[PDB]
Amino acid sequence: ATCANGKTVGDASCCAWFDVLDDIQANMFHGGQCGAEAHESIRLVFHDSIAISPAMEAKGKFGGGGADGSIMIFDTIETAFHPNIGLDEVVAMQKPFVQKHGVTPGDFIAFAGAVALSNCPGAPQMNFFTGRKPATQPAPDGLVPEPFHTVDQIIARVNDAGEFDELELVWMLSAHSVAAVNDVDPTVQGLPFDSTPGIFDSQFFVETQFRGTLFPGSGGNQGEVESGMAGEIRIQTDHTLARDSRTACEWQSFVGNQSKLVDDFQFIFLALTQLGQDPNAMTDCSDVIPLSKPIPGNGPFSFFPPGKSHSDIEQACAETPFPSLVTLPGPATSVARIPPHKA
């Protein structure tokens, strides 16, 4: 099919998404950046999608519709749940675009998350399928994991939601490679999870493996543990998954392995966006998503940031020792915070 703009797509129903693309690149993502709005959009995909529970349905209670736009249509209820803190502002940013373009809220969430990733150097070539009907009812609470939950709880939660295994759990946490934390430390907003919040890479997997030695801002915050880098925050779940015998080797496998990181995340991201949907009833509009950019420069894919070395690593994968990475030259640098979207 040839859209009105002269671009060709596999299915003419996808043509309308070029107007949504042009709008959000200029008006939500500040010209196509991998900044606060792109990070916020990627997070929203998970909080919309994971709120599905066959276990609850079996106890005869509504367990949530998965990737249905519920968090947007029923934001007064959903964004008030503790795991969803800060998403009221993300929904407020996105909602007018849905109304303006006449697309479903669930499809817009999925679209914005795929476009947000496409702006981050190193991201996989993201898929985009349409067809999510408007949510029937708000999801219940207790479905989105907290940074203070145990590994057992988190595994149980994703097993229930989508029959995802503990390896896939590690894969979807790759999104913490392009992310910051606004609400865990009450004294500062925008502490990144890795030293490259603008780059989809494995620095998250490297940096969470360092021994925790400081708090980047304040201490005594629920869900927060020490990190090994000034300016970088670490949450308890990421810390414990990197060290748990069930997931440690999987965590470490992404270090220096860009193809595994990209292929697994492409897969798991699509899976999230299809929770509560029938893939067979959806239309593939993946050809609307911009081609992903390569990581600039020609340094190594993975490295130890300046001032860190292999001896800072807390080895947890019993079967494979942590790879020998180069240390970038120079003195230690504080990871710059990423100011949240200015409402």
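When you see a residue number, it is the position in the sequence shown, counting from 1.
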item	value
Comparing 255 to 263 with 112 to 120, the one whose average Cα B-factor in the PDB entry is higher	255 to 263
Given 188 to 196 and 93 to 101, the range whose Cα B-factors average higher in the PDB entry	93 to 101
Ranked C-alpha temperature factor of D183 among modelled chain residues, by third	middle
Relative C-alpha B-factor of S202, binned into the chain's lowest, middle or highest third	lowest
Assigned third (lowest, middle, highest) for the C-alpha B factor of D152	highest
Chain-wide C-alpha B factor ranking for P290, given as lowest, middle or highest third	middle
Relative C-alpha B-factor of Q33, binned into the chain's lowest, middle or highest third	middle
